[PDB]
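1. coords please:
(one chain, ligands or ions: 1)
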Amino acid sequence: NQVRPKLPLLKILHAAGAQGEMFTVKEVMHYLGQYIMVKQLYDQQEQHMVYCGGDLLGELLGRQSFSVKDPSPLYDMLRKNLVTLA
Ligand SMILES: COc1ncc(-c2nc3c(n2C(C)C)[C@H](c2ccc(Cl)cc2)N([C@@H](C)c2cccc(Cl)c2)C3=O)c(OC)n1
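-> Numbering: from 1, shown residues only. Now the structure:
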């Protein structure tokens with residue numbers, strides 16, 4: 001249940017304070033949330049929206065925006081960008 005993130009995602013996690021390069025999925029989600037907070041990508045007035053266009057996160061998602069009410073695009077990105085070790 002350890003995952004290794006592809007390099008661009010790893011860079012994002014480190015930017016949010018993560019250390020090392022092996023993580024649990026729980027850790028990955030924690031640090032991604034923290035990244036969104038530190039980079040000010042959330043909408044303060046519409047707190048379901050993340051505006052990730054023009055950030056590396058948007059590049060990974062292939063999106064300008066996503067809603068936390070629909071985790072599908074984020075989870076699809078994570079499936080593609082995480083390597084699960086035995
Ligand atoms: C002050 O404004 C404000 N404050 C807080 C939020 C917010 N809300 C949720 C979260 N945060 C922050 C930690 C980013 C986390 C979360 C974690 C990782 C990602 Cl990559 C995206 C969201 N999260 C979990 C519970 C989560 C779990 C599964 C899927 C998703 Cl998309 C999000 C929410 O719901 C917010 O969102 C727009 N806006």
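
2. so the residue in the chain that the ligand sits nearest to is in which element?
-> Of all residues in the chain, residue 33 sits closest to the ligand, at 3.0 Å by C-beta to the nearest ligand atom. In this view, the C-beta of every residue, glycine as well, is placed from N, C-alpha and C. Using DSSP states H and E, the element containing residue 33 is helix 25-38.

3. what is that helix packed up against?
-> strand 2-5, helix 7-15, helix 56-61, helix 72-81 (3 or more C-beta pairs under 8 Å, 6 or more residues apart in numbering; DSSP states H and E).

4. nearest to residue 23, of those?
-> strand 2-5 (5.8 Å; C-beta to C-beta).

5. what distance separates the closest one from the centre of its chain?
-> What separates the centre of strand 2-5 from the centre of its chain is 13 Å, taken as C-alpha atoms, centre = their mean, to the nearest Å.

6. returning to what we had before: now do the residue of the chain closest to the ligand against residue 23, distance only.
-> According to C-beta to C-beta, to the nearest Å, residue 33 and residue 23 sit 13 Å apart.

7. those two: which is more packed in?
-> Between residue 33 and residue 23, counted using other C-beta atoms under 10 Å, residue 23 has the larger neighbour count: 21 against 14.

8. burial count for the nearest residue to the more buried one once chain neighbours are set aside?
-> Nearest non-adjacent residue to residue 23, counting by C-beta to C-beta, 6 or more residues apart in numbering: residue 3, 5.8 Å away. Using other C-beta under 10 Å, residue 3 has 18 other residues around it.

9. who's residue 3 bridged to?
-> Taking DSSP bridges as the rule, residue 3 bridges to residue 23, residue 84.

10. show me which residues of the chain sit near the ligand.
-> Within the chain, the positions adjacent to the ligand are 29, 32-33, 36-37, 42, 44, 47-50, 68, 71, 74 by C-beta under 6 Å from any ligand atom.

11. let's see it at 5 Å
-> By C-beta under 5 Å from any ligand atom, the residues of the chain that approach the ligand are 32-33, 36, 42, 47, 50, 68, 71, 74.
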